[PDB]
Protein chains: 2
Amino acid sequence: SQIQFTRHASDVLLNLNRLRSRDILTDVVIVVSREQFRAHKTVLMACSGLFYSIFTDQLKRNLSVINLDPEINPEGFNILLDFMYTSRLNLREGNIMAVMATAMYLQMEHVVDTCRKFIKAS
Amino acid sequence: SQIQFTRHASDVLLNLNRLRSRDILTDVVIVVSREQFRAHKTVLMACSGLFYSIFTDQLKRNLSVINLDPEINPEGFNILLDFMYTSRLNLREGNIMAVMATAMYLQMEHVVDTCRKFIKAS
Ligand SMILES: O=C(O)C[C@H](C(=O)O)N1C(=O)/C(=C2/C(=O)Nc3ccc(Br)cc32)SC1=S
Ligand SMILES: O=C(O)C[C@H](C(=O)O)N1C(=O)/C(=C2/C(=O)Nc3ccc(Br)cc32)SC1=S
Ligand SMILES: O=C(O)C[C@H](C(=O)O)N1C(=O)/C(=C2/C(=O)Nc3ccc(Br)cc32)SC1=S
Ligand SMILES: CC(=O)NS(=O)(=O)c1ccc(Br)cc1
Ligand SMILES: CC(=O)NS(=O)(=O)c1ccc(Br)cc1
């Protein structure tokens, strides 16, 4: 059997995030009513069922700008975008409802599950 | 502090690899003598110093085809591309030399070290 590098996935992830913070190869701008977020489409698709369906759409595949539902709050989206790239979720009793609703919309099932844990713990 | 999802990086990587095997959003063809490999530039850049330097070159940035040193054997490159996307390295006394040299060329330092320990072990 293959040697298994248990640290490889999170090294790739950390470099993807360094790519993003230096804006290298980012190929999409996510629009949330007024606010803008630069990302890599494959990372978005690897993290969210919604992005998977969007960029798997023959029509929408080649857009450089994607509008999401403009009722999404942008803070909740921002928290979720940093999570995608860092595996770290900034959850608090001050944002929990916003972040959870945005994760449901984005179809990020692990995050919605942990949000249910957090509600039940506090 | 932020809740840490210790399984996130590896679920992203497993979906990046499902994207690859369905050919979704692959945006580069790697040419290895005669053989062709499809991949996503950001994953190559996240995993290899060589691809980091290639796709960060303003001149080579937008190329859909990358030709590598024709002296690289394709089997050693193929094992290393699967590793990037799965974290599993198929190393054996039958390919160790090819894999190690291709890892050095691609500037994948963690793989190179492991190969060194594999040599030391047998
Ligand atoms: O069986 C199917 O046809 C796929 C099935 C679906 O959409 O019907 N599915 C997915 O592929 C989902 C994905 C996801 O959330 N991130 C991802 C990254 C790469 C790939 Br390929 C898929 C997903 S969620 C879902 S259901
Ligand atoms: O082409 C683009 O720039 C964006 C693209 C589209 O319409 O093809 N798009 C949307 O507008 C999307 C929405 C969504 O998911 N929920 C929503 C609620 C209200 C409104 Br108005 C829009 C959406 S998802 C998507 S892709
Ligand atoms: O100091 C610097 O400017 C960076 C330094 C360099 O090129 O001089 N360096 C890198 O950024 C290297 C990377 C790599 O192998 N995969 C990667 C993914 C994302 C990012 Br950002 C970097 C790498 S290897 C290297 S040396
Ligand atoms: C779900 C996750 O990433 N981690 S966790 O299981 O350790 C967890 C975190 C916070 C609360 Br409150 C309850 C559980
Ligand atoms: C410290 C630890 O074991 N895990 S953790 O960092 O993911 C964490 C869990 C719950 C909260 Br509430 C805040 C942090």
# chains A, B, ... in the order shown; residues from 1 in each chain; ligands from 1
>>> residues_near_ligand(ligand="ligand 4", cutoff="6 Å", atoms="only C-alpha atoms and all ligand atoms", output="list in words")
residues 114, 117, 118 and 121 of chain A; 3, 4 and 5 of chain B
>>> residues_near_ligand(ligand="ligand 3", cutoff="10 Å", atoms="only C-alpha atoms and all ligand atoms", output="NGL selection string")
(:A and (11-24)) or (:B and (42-53 or 56 or 106-109))
>>> write_last_selection(atoms="N, CA and C atoms", output="PDB file, in the first residue's frame")
ATOM      1  N   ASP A  11      -1.350  21.187   3.824  1.00  0.00           N
ATOM      2  CA  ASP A  11      -0.285  22.028   3.207  1.00  0.00           C
ATOM      3  C   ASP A  11      -0.831  22.665   1.919  1.00  0.00           C
ATOM      4  N   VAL A  12      -1.547  21.880   1.122  1.00  0.00           N
ATOM      5  CA  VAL A  12      -2.158  22.338  -0.178  1.00  0.00           C
ATOM      6  C   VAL A  12      -3.104  23.495   0.103  1.00  0.00           C
ATOM      7  N   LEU A  13      -3.984  23.265   1.077  1.00  0.00           N
ATOM      8  CA  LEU A  13      -4.916  24.265   1.573  1.00  0.00           C
ATOM      9  C   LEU A  13      -4.287  25.591   2.029  1.00  0.00           C
ATOM     10  N   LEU A  14      -3.265  25.508   2.824  1.00  0.00           N
ATOM     11  CA  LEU A  14      -2.497  26.672   3.218  1.00  0.00           C
ATOM     12  C   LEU A  14      -1.874  27.387   2.031  1.00  0.00           C
ATOM     13  N   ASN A  15      -1.230  26.715   1.109  1.00  0.00           N
ATOM     14  CA  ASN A  15      -0.831  27.386  -0.107  1.00  0.00           C
ATOM     15  C   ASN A  15      -1.950  27.892  -0.967  1.00  0.00           C
ATOM     16  N   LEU A  16      -3.073  27.217  -1.056  1.00  0.00           N
ATOM     17  CA  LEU A  16      -4.206  27.848  -1.797  1.00  0.00           C
ATOM     18  C   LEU A  16      -4.628  29.197  -1.217  1.00  0.00           C
ATOM     19  N   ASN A  17      -4.664  29.253   0.091  1.00  0.00           N
ATOM     20  CA  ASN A  17      -4.958  30.485   0.786  1.00  0.00           C
ATOM     21  C   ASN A  17      -3.933  31.549   0.625  1.00  0.00           C
ATOM     22  N   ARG A  18      -2.638  31.184   0.616  1.00  0.00           N
ATOM     23  CA  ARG A  18      -1.586  32.168   0.239  1.00  0.00           C
ATOM     24  C   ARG A  18      -1.769  32.633  -1.196  1.00  0.00           C
ATOM     25  N   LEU A  19      -2.009  31.728  -2.138  1.00  0.00           N
ATOM     26  CA  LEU A  19      -2.412  32.171  -3.466  1.00  0.00           C
ATOM     27  C   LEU A  19      -3.531  33.209  -3.440  1.00  0.00           C
ATOM     28  N   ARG A  20      -4.585  32.919  -2.714  1.00  0.00           N
ATOM     29  CA  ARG A  20      -5.670  33.818  -2.680  1.00  0.00           C
ATOM     30  C   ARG A  20      -5.335  35.183  -2.099  1.00  0.00           C
ATOM     31  N   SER A  21      -4.572  35.233  -1.004  1.00  0.00           N
ATOM     32  CA  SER A  21      -4.320  36.505  -0.372  1.00  0.00           C
ATOM     33  C   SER A  21      -3.360  37.348  -1.213  1.00  0.00           C
ATOM     34  N   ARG A  22      -2.589  36.727  -2.120  1.00  0.00           N
ATOM     35  CA  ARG A  22      -1.750  37.450  -3.117  1.00  0.00           C
ATOM     36  C   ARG A  22      -2.445  37.607  -4.488  1.00  0.00           C
ATOM     37  N   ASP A  23      -3.705  37.143  -4.555  1.00  0.00           N
ATOM     38  CA  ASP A  23      -4.538  37.258  -5.740  1.00  0.00           C
ATOM     39  C   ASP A  23      -3.914  36.588  -6.954  1.00  0.00           C
ATOM     40  N   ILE A  24      -3.295  35.425  -6.755  1.00  0.00           N
ATOM     41  CA  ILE A  24      -2.720  34.703  -7.868  1.00  0.00           C
ATOM     42  C   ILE A  24      -3.691  33.610  -8.343  1.00  0.00           C
TER      43      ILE A  24
ATOM     44  N   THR B  42      -3.904  25.740 -10.052  1.00  0.00           N
ATOM     45  CA  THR B  42      -3.725  26.106  -8.616  1.00  0.00           C
ATOM     46  C   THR B  42      -3.297  24.860  -7.736  1.00  0.00           C
ATOM     47  N   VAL B  43      -3.776  23.663  -8.082  1.00  0.00           N
ATOM     48  CA  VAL B  43      -3.450  22.521  -7.332  1.00  0.00           C
ATOM     49  C   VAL B  43      -1.993  22.255  -7.634  1.00  0.00           C
ATOM     50  N   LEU B  44      -1.570  22.300  -8.906  1.00  0.00           N
ATOM     51  CA  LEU B  44      -0.112  22.107  -9.249  1.00  0.00           C
ATOM     52  C   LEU B  44       0.805  23.047  -8.499  1.00  0.00           C
ATOM     53  N   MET B  45       0.424  24.342  -8.438  1.00  0.00           N
ATOM     54  CA  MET B  45       1.130  25.449  -7.791  1.00  0.00           C
ATOM     55  C   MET B  45       1.182  25.297  -6.301  1.00  0.00           C
ATOM     56  N   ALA B  46       0.058  24.803  -5.741  1.00  0.00           N
ATOM     57  CA  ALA B  46      -0.016  24.484  -4.283  1.00  0.00           C
ATOM     58  C   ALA B  46       0.893  23.331  -3.855  1.00  0.00           C
ATOM     59  N   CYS B  47       1.086  22.339  -4.756  1.00  0.00           N
ATOM     60  CA  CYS B  47       1.911  21.197  -4.542  1.00  0.00           C
ATOM     61  C   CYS B  47       3.387  21.221  -5.061  1.00  0.00           C
ATOM     62  N   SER B  48       3.777  22.044  -6.032  1.00  0.00           N
ATOM     63  CA  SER B  48       5.103  21.978  -6.604  1.00  0.00           C
ATOM     64  C   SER B  48       5.801  23.340  -6.782  1.00  0.00           C
ATOM     65  N   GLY B  49       7.064  23.488  -6.361  1.00  0.00           N
ATOM     66  CA  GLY B  49       7.820  24.771  -6.529  1.00  0.00           C
ATOM     67  C   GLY B  49       8.044  25.130  -8.009  1.00  0.00           C
ATOM     68  N   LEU B  50       8.136  24.103  -8.817  1.00  0.00           N
ATOM     69  CA  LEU B  50       8.331  24.288 -10.216  1.00  0.00           C
ATOM     70  C   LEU B  50       7.074  24.883 -10.870  1.00  0.00           C
ATOM     71  N   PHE B  51       5.939  24.213 -10.701  1.00  0.00           N
ATOM     72  CA  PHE B  51       4.701  24.801 -11.147  1.00  0.00           C
ATOM     73  C   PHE B  51       4.360  26.159 -10.482  1.00  0.00           C
ATOM     74  N   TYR B  52       4.762  26.370  -9.243  1.00  0.00           N
ATOM     75  CA  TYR B  52       4.565  27.651  -8.669  1.00  0.00           C
ATOM     76  C   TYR B  52       5.294  28.651  -9.577  1.00  0.00           C
ATOM     77  N   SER B  53       6.551  28.372  -9.969  1.00  0.00           N
ATOM     78  CA  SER B  53       7.400  29.326 -10.737  1.00  0.00           C
ATOM     79  C   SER B  53       6.913  29.439 -12.157  1.00  0.00           C
ATOM     80  N   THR B  56       3.494  31.510 -12.281  1.00  0.00           N
ATOM     81  CA  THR B  56       3.606  32.795 -11.711  1.00  0.00           C
ATOM     82  C   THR B  56       4.507  33.650 -12.652  1.00  0.00           C
ATOM     83  N   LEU B 106      10.323  18.640  -9.848  1.00  0.00           N
ATOM     84  CA  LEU B 106       9.090  19.397  -9.580  1.00  0.00           C
ATOM     85  C   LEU B 106       9.207  20.182  -8.302  1.00  0.00           C
ATOM     86  N   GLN B 107      10.280  19.983  -7.538  1.00  0.00           N
ATOM     87  CA  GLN B 107      10.492  20.722  -6.270  1.00  0.00           C
ATOM     88  C   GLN B 107       9.345  20.511  -5.238  1.00  0.00           C
ATOM     89  N   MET B 108       9.068  19.251  -5.013  1.00  0.00           N
ATOM     90  CA  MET B 108       8.201  18.743  -3.986  1.00  0.00           C
ATOM     91  C   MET B 108       9.094  18.144  -2.847  1.00  0.00           C
ATOM     92  N   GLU B 109       9.491  19.014  -1.941  1.00  0.00           N
ATOM     93  CA  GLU B 109      10.450  18.730  -0.904  1.00  0.00           C
ATOM     94  C   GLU B 109      10.013  17.647   0.118  1.00  0.00           C
TER      95      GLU B 109
END
>>> residues_around(residues="residue 29 (chain A)", least_positions_apart="5", cutoff="9 Å", atoms="only C-alpha atoms", output="MDAnalysis selection string")
chainID A and resid 36:40 64:67
>>> calpha_fit_rmsd(fixed="chain A", moving="chain B")
0.2 Å
>>> atom_distance(atom1="atom 2 (C, counted along the ligand's line) of ligand 1", atom2="CA of residue 10 (chain A)")
24.9 Å
>>> residues_around(residues="region 96-104 of chain B", least_positions_apart="2", cutoff="8 Å", atoms="only C-alpha atoms", output="PyMOL selection string")
chain B and resi 72-73+76-77+79-80+91-94+106-109+111-112+115
>>> write_last_selection(atoms="C-alpha atoms", output="PDB file, in the first residue's frame")
ATOM      1  CA  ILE B  72      10.938  13.028 -17.141  1.00  0.00           C
ATOM      2  CA  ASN B  73       9.464   9.629 -17.283  1.00  0.00           C
ATOM      3  CA  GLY B  76       7.045   8.892 -12.206  1.00  0.00           C
ATOM      4  CA  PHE B  77       5.038  12.058 -13.117  1.00  0.00           C
ATOM      5  CA  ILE B  79       2.471   8.801  -9.458  1.00  0.00           C
ATOM      6  CA  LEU B  80       3.304  12.350  -8.342  1.00  0.00           C
ATOM      7  CA  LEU B  91       6.507   4.237  -3.703  1.00  0.00           C
ATOM      8  CA  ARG B  92       8.340   0.991  -4.444  1.00  0.00           C
ATOM      9  CA  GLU B  93      11.806  -0.382  -4.987  1.00  0.00           C
ATOM     10  CA  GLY B  94      10.708  -0.461  -8.613  1.00  0.00           C
ATOM     11  CA  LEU B 106       9.090  19.397  -9.580  1.00  0.00           C
ATOM     12  CA  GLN B 107      10.492  20.722  -6.270  1.00  0.00           C
ATOM     13  CA  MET B 108       8.201  18.743  -3.986  1.00  0.00           C
ATOM     14  CA  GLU B 109      10.450  18.730  -0.904  1.00  0.00           C
ATOM     15  CA  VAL B 111       8.081  13.778  -1.131  1.00  0.00           C
ATOM     16  CA  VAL B 112      11.886  14.036  -1.635  1.00  0.00           C
ATOM     17  CA  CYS B 115      11.915   8.999  -0.591  1.00  0.00           C
TER      18      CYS B 115
END
>>> closest_residue(among="A:78, A:90, A:26, A:122", to="chain B", atoms="only C-alpha atoms")
A:90
>>> select_by_dssp(residues="region 11-48 of chain B", states="alpha helix (DSSP H)", output="PyMOL selection string")
chain B and resi 11-21+41-47
